[PDB]
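**Student:** Sequence and experimental coordinates follow.
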Amino acid sequence: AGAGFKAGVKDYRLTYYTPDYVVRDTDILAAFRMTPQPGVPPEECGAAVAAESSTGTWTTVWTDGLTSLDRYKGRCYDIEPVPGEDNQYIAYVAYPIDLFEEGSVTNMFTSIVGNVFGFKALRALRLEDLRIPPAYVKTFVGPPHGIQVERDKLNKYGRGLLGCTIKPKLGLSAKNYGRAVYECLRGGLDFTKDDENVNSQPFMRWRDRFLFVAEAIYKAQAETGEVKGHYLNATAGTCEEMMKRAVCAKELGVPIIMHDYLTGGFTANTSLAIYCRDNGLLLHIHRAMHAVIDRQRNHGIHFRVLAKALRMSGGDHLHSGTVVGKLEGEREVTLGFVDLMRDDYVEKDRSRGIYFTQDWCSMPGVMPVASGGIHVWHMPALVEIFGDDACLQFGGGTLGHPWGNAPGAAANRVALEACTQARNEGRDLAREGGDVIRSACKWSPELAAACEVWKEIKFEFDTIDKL
Amino acid sequence: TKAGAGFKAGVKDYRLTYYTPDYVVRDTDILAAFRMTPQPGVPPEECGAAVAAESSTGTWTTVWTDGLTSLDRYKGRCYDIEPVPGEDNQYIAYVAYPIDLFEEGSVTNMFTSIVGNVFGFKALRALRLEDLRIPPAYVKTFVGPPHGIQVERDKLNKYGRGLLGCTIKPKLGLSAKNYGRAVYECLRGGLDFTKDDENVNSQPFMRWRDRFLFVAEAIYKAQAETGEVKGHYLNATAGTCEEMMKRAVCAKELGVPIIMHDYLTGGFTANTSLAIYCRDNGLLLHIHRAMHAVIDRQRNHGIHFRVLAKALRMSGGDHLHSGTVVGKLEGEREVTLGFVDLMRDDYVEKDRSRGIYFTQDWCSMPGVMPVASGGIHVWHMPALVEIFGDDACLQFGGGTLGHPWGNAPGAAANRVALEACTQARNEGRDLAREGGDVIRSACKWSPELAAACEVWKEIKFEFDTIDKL
Amino acid sequence: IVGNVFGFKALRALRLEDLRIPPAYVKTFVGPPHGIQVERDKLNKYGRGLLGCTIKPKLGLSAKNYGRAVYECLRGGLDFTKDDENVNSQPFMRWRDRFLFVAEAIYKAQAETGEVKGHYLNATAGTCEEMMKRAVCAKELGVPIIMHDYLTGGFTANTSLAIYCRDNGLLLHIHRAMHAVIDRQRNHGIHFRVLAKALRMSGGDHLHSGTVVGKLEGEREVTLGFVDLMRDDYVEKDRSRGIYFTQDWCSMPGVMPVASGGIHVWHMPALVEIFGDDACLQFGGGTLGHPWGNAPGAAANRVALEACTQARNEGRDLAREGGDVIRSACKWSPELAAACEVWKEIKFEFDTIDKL
Amino acid sequence: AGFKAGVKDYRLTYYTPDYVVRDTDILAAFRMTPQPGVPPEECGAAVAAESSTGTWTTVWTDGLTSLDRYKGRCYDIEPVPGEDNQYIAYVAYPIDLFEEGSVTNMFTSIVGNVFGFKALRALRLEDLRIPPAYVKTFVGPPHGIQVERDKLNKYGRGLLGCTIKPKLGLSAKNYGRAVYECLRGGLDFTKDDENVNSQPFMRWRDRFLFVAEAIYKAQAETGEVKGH
Amino acid sequence: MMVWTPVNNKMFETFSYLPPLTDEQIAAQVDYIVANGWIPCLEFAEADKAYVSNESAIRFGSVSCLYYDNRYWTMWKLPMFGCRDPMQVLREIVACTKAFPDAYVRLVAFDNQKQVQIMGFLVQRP
Amino acid sequence: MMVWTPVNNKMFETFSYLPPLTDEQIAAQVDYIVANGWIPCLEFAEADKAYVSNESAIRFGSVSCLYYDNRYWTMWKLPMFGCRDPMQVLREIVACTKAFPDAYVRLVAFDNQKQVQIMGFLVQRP
Ligand SMILES: O=C(O)[C@@](O)(COP(=O)(O)O)[C@H](O)[C@H](O)COP(=O)(O)O
Ligand SMILES: O=C(O)[C@@](O)(COP(=O)(O)O)[C@H](O)[C@H](O)COP(=O)(O)O
Ligand SMILES: O=C(O)[C@@](O)(COP(=O)(O)O)[C@H](O)[C@H](O)COP(=O)(O)O
Ligand SMILES: [Mg+2]
Ligand SMILES: [Mg+2]
Ligand SMILES: [Mg+2]
Ligand SMILES: [Mg+2]
């Protein structure tokens, strides 16, 4: 009499709640914020999540006996109650490395977040963090270039990079796009970009835009003597259309394209990142749709996980939020995932939402892009939050300048350089920021015009995505 | 020579441009219904206008470039706002988007506008997209599903009953040859289909091409044995589009009928490409909705599944999981009946009692077969047939591989239960009232079914529903 | 020749009646993929007109119903069925679905009857790339014949497709959709004989020729003249048949004339008399409108054709005795009798517009 | 709804003068001249039938589908003033009848066979209503007027072109010579004659190369963008 | 545990896993056709043409996906358009099986709005 | 509205949009180098080699993406590994600019842990 096949249902906790498990250094770990239904204990909820993201279903199957379920099973190995909550728990789940397809963020998400969020036995579920072990990190191509290589190709050092989304979001012609781009770039911005939803449309077809934008890039570069780029959007309905757009950028010799990784998707994104590696194009990643997933504290996937996923799938830039602009991003939360995006090794730190120590094993860092509702008075705060390895983008903050795009660009560039110099001289941008900007507004007429228009504009609201 | 409207730098309320309550929507407009929860102090009109603006043409301060174009022609328009009864800070905001805003044939582009940035605005606390009106003029820009329900039934030569499938178990950890062994034993007992689990792609314990070959052997063995066309959804989901396409090509070259794709985790750009491939090479495409409940579970924030289902119909899929209502994963009856109609039918009238906010005209785009799967067993058969009717695939993974006598008897039990319920309905029996009696009689008759009936007799999944209307 | 001159203000009307294509220009064309002799040799079909049939309703049938209809037609004795000229790929029936179900039907009817069968699968498309994808699928299914709408698709695409068919062994049926926009009126346009020469040059194994007696116009002498221009190697000037120039085809293959449109069993003697054996006679409504269904409808047409062919070979004059030949066969074959009764009083006799 | 074999009038199925056209229907206006003894209603119905779903005798396969859904419909007929035997027949075609993005398919239905019917003496298609839902299935023009002006950098006046002459018979180098001299005097464009393709007196690739030289010479000389 | 035999256990789609349909049970299925306004039709095949097979794929390139021989059977007469009398359908079953006593015979029904077969089951096995 | 001139307005990356750095301001940047332990280095170029250009792309196929001539300038001596004295960095600035009075000269600093230039600005214009 050995263990035989026993048909029927049993608790998931009997197999998948294993609190004495010693996590392996190749295991993928997940931290889930779980809200059980009444009558379902946390250990059963955590075990259900582990089981149905790994090896298990709702009734016992005989085929388990042909393999080793202990070798492959996901394991809920720890549960902690959430402070301030009487029905939220953090469940920790360990996944053997054999469960995952090498180099596939798609596969990793399909297991860990594929079905478990819809279980009737839970009321809410949020994936807070993932520990991606070095042995799995090494299966990914990763980002095409990463921060150091990007600065080296651009020949740009010693300050944040400056970008700008062209406006109106939609409705401009290709030639007006290029006109706006030239005027922005020539005033001191390093980059402009297609809006995330500018792909190819009746009012402006993509290839027309790419050609006029190429003219604008090369005109502004020749005029200023600084390398310029414009993130041309390769986001498309199909992978063949996406690749056609990347090929056209390659053939025009321009430096940088963009992709909306969540609305295009990880399979297409990973393909595009590999193309960019093989053809030397920088790849800017827009996180369109992320807040559908990541806004609420009780349910979804925290942005830090979406950022890790993008680092793995591949991107030279990724939007990080601004903290102070029109879209939400609490300071400590943001500082934590910026480190996860940029750094090689990030220690556990629950005060910044870092549930696991993360070792990136030399995968290139991704440049954070702070964008959305920011203007010249936010410059000191942005430089203080991000430091030099960030791109700060001013769309309305450039195309809303009273004197037009070139003056608007110059205002942003002067502001950034004034903040950067002040910090280098030992000034505390957190205390002296307003004084730094005021002094620069006195000196530069272009900056002064921006300073006056946006002086009272602030975005200060109650935060939803709190730790 | 009095000056006309010019460029004035600075911030003004979004509602001055984007709240248009007297707008008459056009028949080509894409319409969105958002369940919006504004921050305290933000008027609903301004919050709705912000959502319209920042999903269409506007940003946070006035830009001079508007004057080069026509914002009247292009702007998104919040054209109606209705307070939600029972909610003191929740509104349905209706937004109309000109058809010119969208890239033809690109679900990716449509989502990038409507749900790209607005869910993260500090000025709202929560936002949920409940429905989209996809006008015929935009529907017609999509290839859509490879085949759709009628063509699928015609290719399989299968009529008069729900289709039956089954996910192979353990989810992960089986070898390629054991996968094919399990598949043969399942298919030969009366299931039409088996499938790769959504997360079975290619892994150390089982590489994809080995699986595809052994599964081909199993399909053809079970088909020859039973005389009924068989399939197994071979998973083409992959890390890169090139890998996805390699896997589809191998299925083509083996002559097998059906592959699957995880459209949300693989993504719309890859999914649309794969659907086009399947159309051009005659493969059925089963779509798994892995990750949907990350987005669609909560009432106050995210995107309702009905929109994710419309998006899949547009991007393309022959099957799409619909939920079961009665199984282990959530799906309320009325909600589910509504989006099943949106998946299958040509024309679906507005019906807020089933969560249908807009009349939807699919203008002859093929219907998508709803797949009811997850935590179901033989006692659920009457309810499943009553809910879905014949145009559905009912899948029993644990409910087949958990049968005490093995996969072939497990398959036979499910097939007998389905046919008994189908026959009973056809004879005029009301499955909602007589379902238990139908199953009890069939259990008496069939020993394979009786063994399933006994093991799962007390097993139900009855919990408080989160995604309520 | 026809690019700009028809619009000159200085003329009120202009019609191109004929073109003399010299041998030295004929020889620059690939021409038809196969031509009549090769087609008969590939099909192994000799000694009688070929029989075809357009599936009906023109539009609105599903792919599987298309194949069902095709199988039932082919199995009763038709050599061929065909997509309607406007059946390309549409919401009610996508092309590749149709191609696959039609393949099943062709092979089922061929195995059942022991006679080679085909169905003209339409490669007509919006773009050359889609046209070629459809031709490739036919090649890969091993089926014998595709079709193309040469005027609505256009000569550039037609010539490309003919070359593909030559290189891959596919018969190419040509439908003349739109021709009567150009060729109907006596005072203006281009006579069909020129459109037929142009098709012979661009390439086609079949071309519709009209029926004379059916629902679409085609006067006898006009039609006999351009049938010779389509099929023969050398056609002398003959203004009584509208042949303005002696035409030397310098061994370019002949094109099979296809008589189709509003014909039924009682027209069989006239059709055999007009065209002889080297024609395909097509009965769409005349098969799918038989009261007993497609197989009996096919058998009725096949019996009628064979009875007329046998009678002609035995010395009977089909111009005088045709009705007697059909009446005799009606009495013998129950399937033919049912067709004879339903369409006994149906004729198409109208004043001719395209007169010499 | 039984199958009844035999011929019946087209107007019993295809003349529907109270039909309300759908906003996705393709509409056609035909100037129709019936033969003597053929009522306009029957002629219009025959045009509708034989450009959509119908043939000359009743087919049983109609019953497997829905002819209501698919049939072309003659929905209005108006006599032409000044004409005693001309009518404008209006026909509505469901959008499902047409292959997306294919003008070829649209013409094959609407003008494929009906112009040759013995029952009419003459037929002219005067206009087509192409609904937005069908327009949107086409790629359409590569660029269109605004984009063309933007690429050429040419605004504020008509563009000026010129067909090179003799139509045929010029060599490639003489073609380029003529082109350079035309473009340099102020024309924006020159062009090959419609019948200049590739011929013994001038092969196309030779012409393309010499014309390229001429375009670039005239553009450098004038400072205005040139094309041929 | 009972073992499901793989030997001589071929099936014919809907209702093949139930006890053989009695005459009463067949008549009830015909009533369901008539109640829903569907179009009855009979189809038949000799034994050699009754089972799905693959022989035509010898002529193919790599395009066998969802191609099988013997899905089509032979139509008995025509679909019974306009038939709303179950006794007429039953009489045709008798006539078809009388004419082809050695054939497989199936009763199907068509829906012309979905344009698909909406029911079907075997009524005669040789 | 003031118009940003496009004529004779070439820039030199970090700090070009500020007023010309005073000697105190340059000294403060050298302090920041030393305080952070970065490796000072000077680079210089004649006027014809100072601005980004594209001439070498004549030799290329379609691989010009992020290739430009004149990003590299000429190294003055070696990076000042181990330098923790601002006097020594300012001394070399003088030395470099005296030796090449007609050249563009920039002061850069390297971080060897990121292995990247972490600061840089123009210290001399011809
Ligand atoms: O569409 C927009 O709103 C923007 O172009 C910014 O415009 P402004 O510069 O005019 O605000 C950016 O895409 C957002 O920053 C994205 O949000 P996030 O960075 O949070 O992903
Ligand atoms: O992984 C699983 O759990 C399943 O294989 C079902 O297993 P069982 O048949 O063994 O329950 C299906 O993928 C789920 O049905 C998906 O959920 P949904 O259909 O709701 O998208
Ligand atoms: O569409 C039709 O009407 C047909 O399919 C015939 O159908 P029936 O057999 O049912 O009449 C043929 O295409 C016409 O013969 C074409 O005209 P023509 O041959 O004169 O070019
Ligand atoms: Mg944007
Ligand atoms: Mg699964
Ligand atoms: Mg036709
Ligand atoms: Mg000309």
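**Tutor:** That came through fine. Numbers count the residues shown, from 1 in each chain, chains lettered A, B, ... in the order given. Ligands and ions are numbered 1, 2, ... in the order given.
**Student:** any idea how far the residue positioned nearest the centre of chain A is from ligand 3?
**Tutor:** The residue lying closest to the centre of chain A (CA atoms, centre = their mean) is residue A:307, at 4.0 Å. Distance of residue A:307 to ligand 3, given as CB to the nearest ligand atom, to the nearest Å: 61 Å. No exception for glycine: its C-beta is placed from N, CA and C like everyone else's.
**Student:** so who does that residue touch?
**Tutor:** Residue A:307 is in contact with A:318, A:320, A:337, A:340, A:341, A:366, counting by CB atoms under 8 Å, 6 or more residues apart in numbering or on different chains.
**Student:** Could you rerun that using 7 Å?
**Tutor:** The neighbours of residue A:307, taking CB atoms under 7 Å, 6 or more residues apart in numbering or on different chains as the test, are A:318, A:337, A:340, A:341.
**Student:** Pick out the most distant pair among these.
**Tutor:** A:318 and A:340 (10.6 Å; CB to CB).
**Student:** so of the contacts of residue A:307, which ones are in strands?
**Tutor:** Per DSSP state E, strands hold the following members of the contacts of residue A:307: residue A:318.
**Student:** which one of the contacts of residue A:307 sits closest to residue E:94?
**Tutor:** For those, the nearest to residue E:94 is residue A:318 (73.6 Å; CB to CB).
**Student:** contacting residues for that closest one?
**Tutor:** Counting by CB under 7 Å, 6+ apart, residue A:318 makes contact with A:285, A:287, A:307, A:310, A:341, A:366, A:368, A:369.
**Student:** can you give me the strands in chain E?
**Tutor:** Assigned by DSSP E, the strands in chain E fall at E:39-45, E:74-76, E:104-111, E:116-124.
**Student:** Just confirm yes or no for the third one near chain D.
**Tutor:** Yes: if you take CB under 7 Å from any CB of the partner chain as the test, strand E:104-111 does meet chain D, through residue E:110.
**Student:** Please tabulate the contacts of residue A:318 in TSV and include secondary structure and distance to residue A:429 as additional columns.
**Tutor:** TSV is the format used below for those (DSSP: H, G, I helix; E, B strand; the rest coil; distance: CB to CB, whole Å):
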residue	secondary structure	distance to residue A:429
A:285	strand	27
A:287	coil	26
A:307	helix	25
A:310	helix	28
A:341	helix	21
A:366	coil	24
A:368	strand	17
A:369	strand	20
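**Student:** Can you tell me the closest non-neighbouring residue to residue A:291?
**Tutor:** In this structure, residue A:291 finds its nearest non-sequential neighbour in residue B:120, 3.2 Å apart by CB to CB, 6 or more residues apart in numbering or on different chains.
**Student:** May I see the domains of chain A written out as residue ranges?
**Tutor:** As assigned by curated CATH domains, chain A contains the domains A:14-140, A:141-454.
**Student:** The shortest one near ligand 5 at all?
**Tutor:** To tie it back to what came earlier, the one meant is domain A:14-140. No: using CB under 5 Å from the ion, domain A:14-140 never reaches ligand 5; the gap is at least 6.2 Å.
**Student:** Quote the end-to-end distance of that domain.
**Tutor:** Terminal residues of domain A:14-140 are spaced 35 Å apart (CA to CA, to the nearest Å).
**Student:** Return the distance of it from the chain's centre.
**Tutor:** 23 Å (CA atoms, centre = their mean, to the nearest Å).
**Student:** do the same with the last one
**Tutor:** Mean-position distance between domain A:141-454 and its chain equals 11 Å (CA atoms, centre = their mean).
**Student:** and that domain, does that touch ligand 1?
**Tutor:** Yes: counting by CB under 6 Å from any ligand atom, ligand 1 is contacted by domain A:141-454 at A:165, A:169, A:195-196, A:287, A:319, A:321, A:327, A:371-373, A:393-397.
**Student:** which stretches of the stretch 351-467 of chain A form helices?
**Tutor:** For the stretch 351-467 of chain A, the helices defined by DSSP state H, counting those that start in this stretch cover A:379-386, A:396-399, A:405-424, A:429-443, A:445-454.
**Student:** how about the second one: buried residues?
**Tutor:** Neighbour-count burial for helix A:396-399, counted by 16 or more other CB atoms under 10 Å in any protein chain shown, picks out A:396, A:397, A:398, A:399.
**Student:** mind exporting that helix as PDB, just the C-alpha atoms?
**Tutor:** C-alpha atoms of helix A:396-399 as PDB (Å, rounded to 0.1, in the frame of the first residue of the first chain):
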ATOM      1  CA  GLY A 396       2.100  70.800 -22.700                       C
ATOM      2  CA  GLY A 397       5.000  72.300 -20.800                       C
ATOM      3  CA  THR A 398       6.700  73.100 -24.200                       C
ATOM      4  CA  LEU A 399       3.800  73.400 -26.700                       C
END
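**Student:** just to revisit the earlier point, quickly name whichever of the contacts of residue A:307 is closest to residue F:9.
**Tutor:** Lowest distance from residue F:9 to the contacts of residue A:307 (CB to CB) belongs to residue A:318, with 33.0 Å.
**Student:** On the strand side of things, show who the closest one bridges to.
**Tutor:** Beta-bridge partners of residue A:318, counted by DSSP bridges, are residue A:285, residue A:368.
**Student:** Can you verify residue A:34 is assigned to a strand?
**Tutor:** Yes: counting by DSSP: H, G, I helix; E, B strand; the rest coil, residue A:34 falls inside a strand.
**Student:** Show me the residue at the heart of chain E, geometrically.
**Tutor:** Centroid-nearest residue in chain E: residue E:106, 2.9 Å away (criterion: CA atoms, centre = their mean).
**Student:** Please name the residues that touch it.
**Tutor:** Shown in contact with residue E:106 (CB under 7 Å, 6+ apart): E:43, E:73, E:120, E:121, E:122, E:123.
**Student:** hang on, the first one packs against residue E:110?
**Tutor:** In this case it means residue E:43. No: using CB atoms under 7 Å, residue E:43 makes no contact with residue E:110, being 11.2 Å away.
**Student:** what about those two, which has more around it?
**Tutor:** Legend: neighbour count by other CB atoms under 10 Å in any protein chain shown for residue E:43 and residue E:110, higher for residue E:110 (25 against 20).
**Student:** distance of the closest residue to the more buried one other than its chain neighbours from ligand 1?
**Tutor:** Spatial nearest neighbour of residue E:110, excluding adjacent residues (CB to CB, 6+ apart): residue E:39 at 4.3 Å. Distance, residue E:39 to ligand 1, by CB to the nearest ligand atom: 55 Å.
**Student:** before we move on, what about residue E:121?
**Tutor:** Per CB to the nearest ligand atom, residue E:121 is found 57 Å from ligand 1.
**Student:** try residue A:304
**Tutor:** For residue A:304, the distance to ligand 1 - CB to the nearest ligand atom - is 14 Å.
**Student:** What does that residue show for phi and psi?
**Tutor:** Backbone torsions for residue A:304, taken as degrees, to the nearest 10, come to phi -60, psi -40.
**Student:** ok and the residue in chain E nearest chain A?
**Tutor:** Closest approach of chain E to chain A (CB to the nearest CB) occurs at residue E:1, with a separation of 10.5 Å.
**Student:** give me every residue that touches that residue.
**Tutor:** Contacts of residue E:1 (CB under 7 Å, 6+ apart): residue B:405.
**Student:** do the same with residue E:64
**Tutor:** Contacts of residue E:64 by CB under 7 Å, 6+ apart are B:255, E:57.
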